[PDB]
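Below, chain A is the first sequence line, B the second, and so on; all start at residue 1.
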Amino acid sequence: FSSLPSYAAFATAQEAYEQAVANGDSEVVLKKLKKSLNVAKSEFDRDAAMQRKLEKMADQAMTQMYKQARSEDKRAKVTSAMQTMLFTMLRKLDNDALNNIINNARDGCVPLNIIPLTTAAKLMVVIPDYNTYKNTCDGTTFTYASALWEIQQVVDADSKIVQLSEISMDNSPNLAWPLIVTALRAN
Amino acid sequence: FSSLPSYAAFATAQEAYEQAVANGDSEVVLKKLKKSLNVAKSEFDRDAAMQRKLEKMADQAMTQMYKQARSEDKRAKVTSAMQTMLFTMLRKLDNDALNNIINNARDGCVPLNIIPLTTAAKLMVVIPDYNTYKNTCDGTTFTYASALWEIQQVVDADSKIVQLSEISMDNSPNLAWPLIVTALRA
Amino acid sequence: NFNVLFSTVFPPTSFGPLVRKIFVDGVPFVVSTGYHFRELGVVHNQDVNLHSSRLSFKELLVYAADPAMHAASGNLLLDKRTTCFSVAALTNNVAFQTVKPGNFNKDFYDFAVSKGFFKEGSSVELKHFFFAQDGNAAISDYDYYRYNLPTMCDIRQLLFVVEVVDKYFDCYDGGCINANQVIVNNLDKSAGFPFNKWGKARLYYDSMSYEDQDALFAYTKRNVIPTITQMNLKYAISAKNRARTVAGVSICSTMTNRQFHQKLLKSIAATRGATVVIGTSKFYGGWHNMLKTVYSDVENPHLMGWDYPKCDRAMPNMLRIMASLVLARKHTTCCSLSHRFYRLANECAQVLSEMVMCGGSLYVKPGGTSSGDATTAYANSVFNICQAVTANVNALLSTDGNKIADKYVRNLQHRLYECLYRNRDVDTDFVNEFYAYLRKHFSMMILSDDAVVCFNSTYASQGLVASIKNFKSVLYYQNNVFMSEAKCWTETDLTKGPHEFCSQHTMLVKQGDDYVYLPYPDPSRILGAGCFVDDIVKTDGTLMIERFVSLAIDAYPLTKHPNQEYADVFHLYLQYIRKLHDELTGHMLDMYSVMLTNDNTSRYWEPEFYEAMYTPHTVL
Amino acid sequence: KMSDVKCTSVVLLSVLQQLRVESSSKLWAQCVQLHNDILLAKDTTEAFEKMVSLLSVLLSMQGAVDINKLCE
RNA sequence: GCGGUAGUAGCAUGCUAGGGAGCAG
RNA sequence: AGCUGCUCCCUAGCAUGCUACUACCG
Ligand SMILES: [Zn+2]
């Protein structure tokens, strides 16, 4: 504070007090001027020291308001993200096989573990070594889960394409050896 | 923190009181010196504390920013410090088998696969010229990594098998010299 | 108990969440409306609404955590690397994760070598390192759940062991709390699957008001929400080259489990002088107090400790359900009888047989405990006490009563048989008497699957209390593991404390006027922590320094060891701290011109600071 | 002498890791096996065998200037 | 001369909050 | 990339309390 009502009173009080001190009139003049400048600094104390809690509290409030606004924007952002994800993953399951197996239930309830088994259009097989490959995904087509699948594309642990003519018993020690087969459901 | 202005005041009145305690004087002029020193030890005992704390505040801020700078600059040079440290430690280790392969790689003879430990398994090494072949190869034996191997085949850069007898000083400029020797451990 | 046996006949594809089609805003979803448990049967949700106009924040939160939409929109998976059930692949690629090696702190190693360390024939050598793993480590570690097998229990014996175990938990208090009374430490950690795509736990605690959380908690007492758990490889120092994993649980589960269990957990962690010692610090004389409390006034006392092989993968489901019920027995005035059942069902569907996200694929968990949920260390303690009580009962009931010389013990045996196999309801007087007998002749000190026992040796040699072979038999027929006596220990002298407890050894030293018990660690662990780090965190000592202060606090009690190569660790750490301080000051003055005005740091290389941390006058 | 070889093995695997070697599954698996076997050894005559084997991996690549780093 | 209230400076204990780090299960 | 417990260091805030100096009054 520099331009509040107490300042003018205090300043003029001490100016007149010290002008009269330069005059040097009495002994009660000193007492009176010092009492005035004791009670006028008792005005510049409340008005210049406790006036400053108001500003600090207002700044507390302003920072809290800023924080609340930011926290309110983040919620809308994450809500939009979640509902976009839900709607984008919805656009793949609304097929005609799902409707079939749901209309074959007696209440509309089915176990979840059978939904990929009877409706998924693509299958992925992970093979550790050659004997397991020879027992499961042999040739161009194979049978699994009461269905028949046809192979397209084989990769290795480095994600590099392997041809079906390289997977032999002699060339086995030269392959990165988890193999990942991708197959499509045959009609 | 004596370089502050108010010190000159605090000494001044204190000096007066010194004279007072030397004089043995009346009662009121000592009230004078107990009313203009407690205003000095109050107008100064406030300036000489906040500044003293500010000095340490500046010091701690400078140390924090220096810590940040050095940590930022340390993780931008890992790929060179690590290799320098590795080769310093290898030099200090002082092993014959490691020194052999390090010096051979320094000259140009480098392997093409992992060096095997079993008495079986195949080794393939590159040979860039004839001097290394002469001080490394002798007949049908190969001295590498402080071990002895027997030669099985020599080739040149165009993947064409070369028999061992023709490799010599005069026939040297007739072969693609980056030779590739295949051997097996004794 | 009967459901466990009968569920082994039916196909494994009939268990798990039950799904249904609902119409939001006129478009069809596929959401979970119930569950089929192997132990609990068929459970149906109570609030299921078709034809909803739009979804609120908490409905979106519940629908995003459901595995139904994630599994129904993925590919079919046939994984031949493991024997567990595989559900779906959530992407077109398989992910292979590795573990890096550690970083070498060469300056500290040079300093230690220049002071006579790591010489040939020394008794202190490095044995703790950072071990590296290749891309096949995560699935090969997940494959260890093949050690969990369906186990049927002796029901009449378990129904008595549960009453004794529940009496071990009588001094505490619990119940439900509101969302504005919950305390969360470290709001900057992972939030599980779905939710680790958009933020950390802070975002989800900030976006939800105190009423949304209460509404979700009230929802969980009438419905079941299944979730997904993620598996993460750990990066830390060790002595074995085995890979370690942790389970990250979804935020939707932790948020509600805290409101269910936190009051009781904080009640347990604030009690001194009880059997469970979670929350008691070893500083300022805590180790001595714990040891004197466990010594009690047993008569011909010996000390004993044992082992649990594959503890978290082999624990049967009946014991986990029992632990949950024992913990929930505190909700007798805040919850009704259906609310408690639905809370148990939620816990089983989220941390007992949930779906696991490994690599980029979903698998089915057969059972066991997941080490990343909000009640692990206390359920483990309940399990420990249950196994000890079972061992004591089996020891007492398999002894020829015609040879027991004391009348009191023979009568106790007669009444114990009557209470198991001839009475149908609880008999509180005999439970009181058996609890008193156990507390007098068999004293225990328990942390979460770690234990120390002080027992009467004359009684144990006659078959009246549990020995170390009773534990082996009980584990064999109730845990499906073989416990070897090379990982258990016994101690016949009490002036030396336990051989091991929480990786610490015990030593009795003169401190002031009296003799006290102090714990000390393995020196190679401290030296390995000093030598191998994860970049910046060391390899420049002047930037942290406090790391070595903490490591010297941990290693101070080695100065009182008879072996002279053990106190050198503490003195080496003090000398290195002084060297680091000098180097930092020299840099600072040679490069600005600056000096720290007053140090107050010489206390860090003088031993009084570290000695004051082990004296009984708390100044924390 | 054993401590030095173990520390050198740790630094060597760090150097190999930051040269993008884990992009080849077989090579990374062999390197990890050798590094883990050196750290568990008890006699200092097989540790040097495995160190020769593990350093040959770095010597067979072309991402390091041997003549420059070995200025001595 | 003492008591009270209003001020200014230094010290002490604990309570909340933010950040960095270490150990154990 | 997890759930807990314990400990060390730095900063800020408030309350309380101690102590000292100025002013008013009785
Ligand atoms: Zn309740």
Side-chain angles (χ1 to χ4, degrees), chain A residues 37-42 44-46 49-50 56 60, chain B residues 34-35 37-50 57 60-61 63-64 67, chain C residues 97 184-186 188-193 195-196 200-201 229-237 245-251 253-254 257-258 261-262 265-266 268-270 277-284 286 311-312 351 369-381 384 446-450 501-504 519 521 525-526 529-530 537 543-555 601 604 609-610 613 620:
Chain A
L37 276 304
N38 268 330
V39 312
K41 180 203 72 142
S42 97
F44 216 83
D45 188 290
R46 290 322 106 76
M50 160 301 308
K56 298 311 101 176
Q60 309 270 110
Chain B
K34 276 306 186 107
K35 174 279 176 186
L37 245 184
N38 287 16
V39 307
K41 209 156 56 190
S42 64
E43 243 275 350
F44 189 28
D45 222 298
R46 69 200 291 238
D47 287 69
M50 51 91 95
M57 191 265 258
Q60 58 95 339
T63 54
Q64 186 264 7
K67 245 79 164 291
Chain C
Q97 205 204 347
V184 187
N185 304 331
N186 225 327
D188 271 298
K189 308 214 136 303
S190 201
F193 191 50
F195 309 113
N196 60 9
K200 313 231 153 223
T229 291
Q230 209 176 56
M231 290 277 165
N232 306 126
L233 276 176
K234 204 151 66 151
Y235 185 43
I237 218 179
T245 50
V246 290
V249 183
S250 194
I251 193 60
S253 193
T254 320
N257 278 334
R258 279 182 182 127
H261 281 311
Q262 202 188 68
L265 298 202
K266 303 260 183 199
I268 290 170
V277 288
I278 292 180
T280 306
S281 99
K282 64 177 171 173
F283 291 116
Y284 309 110
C311 194
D312 54 322
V351 304
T369 82
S370 100
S371 88
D373 79 278
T375 200
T376 313
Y378 309 83
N380 273 337
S381 292
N384 218 353
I446 306 277
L447 261 173
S448 87
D449 92 328
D450 212 359
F501 186 58
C502 287
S503 312
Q504 316 286 297
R525 178 65 181 71
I526 305 306
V537 82
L543 301 175
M544 300 217 165
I545 298 200
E546 74 259 346
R547 282 186 85 244
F548 297 93
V549 177
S550 273
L551 287 165
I553 283 181
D554 270 314
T601 66
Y604 284 140
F609 174 90
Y610 308 91
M613 294 275 318
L620 78 92

Legend entry - Closest-nucleotide ordering on RNA chain F, the 5'-leading residue of B/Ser42 and C/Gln262: C/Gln262
Inset, instruction - Among E/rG22, E/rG19, F/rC3, find the nucleotide with the atom closest to the side chain of C/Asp188. - result: E/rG19
Legend entry - For atom CG of C/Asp449 and atom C1' of F/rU4, their distance in whole Å: 14 Å
Inset, instruction - Select one nucleotide: of E/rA9, E/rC23, E/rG7, the one nearest the side-chain heavy atoms of B/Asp45. - result: E/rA9
Inset, instruction - Please state how far atom CG in C/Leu265 lies from atom P in F/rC6, giving the value in whole angstrom units. - result: 13 Å
Inset, instruction - Assign each of C/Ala377 and C/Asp554 to its nearest nucleotide of RNA chain E by heavy atoms, then name whichever residue's nucleotide is nearer the 5' end. - result: C/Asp554
Inset, instruction - Report the distance from atom CZ of C/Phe193 to atom P of F/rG2, rounded to the nearest whole Å. - result: 17 Å
Legend entry - Considering all heavy atoms, the nearest C/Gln504-C/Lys282 contact: OE1-NZ, 3.5 Å
Legend entry - Base-paired stems in RNA chain E, each at least three Watson-Crick or G-U pairs under 3.5 Å: E:2-8 with F:20-26, E:15-24 with F:4-13
Legend entry - N or O in side chain of C/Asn186 less than 4.0 angstrom from F/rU4 OP1/OP2: no
Inset, instruction - Supply the atom-to-atom distance C/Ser503 OG to C/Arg525 CZ, rounded to the nearest 0.5 angstrom. - result: 9.0 Å
Legend entry - Greater than 12 external heavy atoms within 6.0 Å of B/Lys67's NZ: yes
Legend entry - Any C/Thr376 side-chain N or O less than 4.0 Å from OP1/OP2 of F/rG2: no
Inset, instruction - Decide side chain to side chain contact (heavy atoms under 4.5 Å, CB included) for A/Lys41 and A/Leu37; before the verdict, give the C-alpha distance in whole Å, the side-chain angles of both, and the deciding distance to 0.1 Å. - result: CA-CA 6 Å; A/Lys41 180 203 72 142; A/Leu37 276 304; over 6 Å; no
Legend entry - For atom NZ of C/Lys189 and atom P of F/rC3, their distance in whole Å: 7 Å
Legend entry - Per C/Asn185 side chain, nearest of listed nucleotides F/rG5, E/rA24, F/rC6: F/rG5
Inset, instruction - Side chain of C/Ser371 only, please: which of E/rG25, E/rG22, F/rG2 is the nearest? - result: F/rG2
Legend entry - Listed nucleotide nearest any side-chain atom of C/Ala529, set F/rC3, E/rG25, E/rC23: E/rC23
Legend entry - Heavy-atom pair with the smallest gap, counting every atom of C/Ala247 and C/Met231: CB-CE, 4.2 Å
Legend entry - Touch class at under 4.0 angstrom, heavy-atom based, for C/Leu620 against every strand present: sugar-phosphate
Legend entry - Heavy-atom check, side chain of C/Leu620 versus side chain of C/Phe283, under 4.5 Å: no
Inset, instruction - Ignoring backbone atoms, test whether B/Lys41 places a side-chain nitrogen or oxygen under 4.0 Å from the OP1 or OP2 oxygen of E/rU8. - result: no
Inset, instruction - Please tell me which of C/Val249 and C/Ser281 maps to the more 5' nucleotide of RNA chain F, matching each residue to the nucleotide holding its nearest heavy atom. - result: C/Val249
Legend entry - OP1 or OP2 of E/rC23 under 4.0 Å from side-chain N/O of C/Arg525: yes
Inset, instruction - Give a yes or no answer on whether the side chain of C/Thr376 reaches the backbone of C/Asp373 with a donor-acceptor pair at less than 3.5 Å. - result: yes
Inset, instruction - Between F/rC3, E/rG25, E/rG20, spot the one nearest the side chain of C/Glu546, thanks. - result: E/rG20
Inset, instruction - Check whether any side-chain nitrogen or oxygen of C/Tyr284 sits under 4.0 Å from OP1 or OP2 of F/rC8, and answer yes or no. - result: yes
Inset, instruction - Quickly work out the C/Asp373 CG to E/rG25 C1' distance and round it to whole Å. - result: 14 Å
Inset, instruction - Grab the NZ-P distance between B/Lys34 and F/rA20 for me, whole Å please. - result: 14 Å
Inset, instruction - Could you check how far CG of C/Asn380 sits from P of E/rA24, rounded to whole Å? - result: 18 Å
Inset, instruction - Check every atom of F/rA1, E/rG25, F/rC8 against the side chain of C/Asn232 and return the nucleotide holding the closest atom. - result: F/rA1
Legend entry - RNA chain E: 5'-proximal contact among C/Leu551 and A/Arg46 (nearest heavy atom): A/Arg46
Inset, instruction - Rounded to the nearest angstrom, tell me the gap between atom CZ in C/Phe283 and atom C1' in E/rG22. - result: 10 Å
Inset, instruction - Mark yes or no for whether C/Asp449, through its side chain, and C/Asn380, through its backbone, hold a donor-acceptor pair below 3.5 Å. - result: no
Inset, instruction - Determine: side-chain N/O of A/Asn38 to OP1/OP2 of F/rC24, distance under 4.0 Å, yes or no. - result: yes
Legend entry - Nucleotide of F/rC9, E/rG25, E/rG10 approaching C/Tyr604 most closely (side-chain heavy atoms): F/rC9
Inset, instruction - Would you indicate what C/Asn196 reaches in the nucleic acid, counting non-hydrogen atoms under 4.0 angstrom: base, sugar-phosphate, or nothing? - result: base
Inset, instruction - Look only at the side chain of C/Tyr610 and the backbone of C/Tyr604, and say whether a donor-acceptor pair between them is shorter than 3.5 Å. - result: yes
Legend entry - C/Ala269 side-chain proximity, nearest of F/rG5, E/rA24, F/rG2: F/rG5
Inset, instruction - Name the nucleic acid region contacted by C/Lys266, choosing base, sugar-phosphate or nothing; use a 4.0 angstrom heavy-atom cut-off, strictly under. - result: sugar-phosphate
Inset, instruction - Would you classify C/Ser190 as touching base, sugar-phosphate or nothing, given that sugar-phosphate means primed atoms plus P, OP1 and OP2, and contacts are heavy atoms under 4.0 Å? - result: base
Legend entry - From E/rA24, E/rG22, F/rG5, nucleotide with atom closest to C/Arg547 side chain: E/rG22
Inset, instruction - Return the minimal non-hydrogen interatomic distance between C/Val249 and C/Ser370, and the atom names on each side. - result: CG2-OG, 4.2 Å
Legend entry - E/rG18 and F/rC3, which share atom name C1', separated by this distance in whole Å: 23 Å
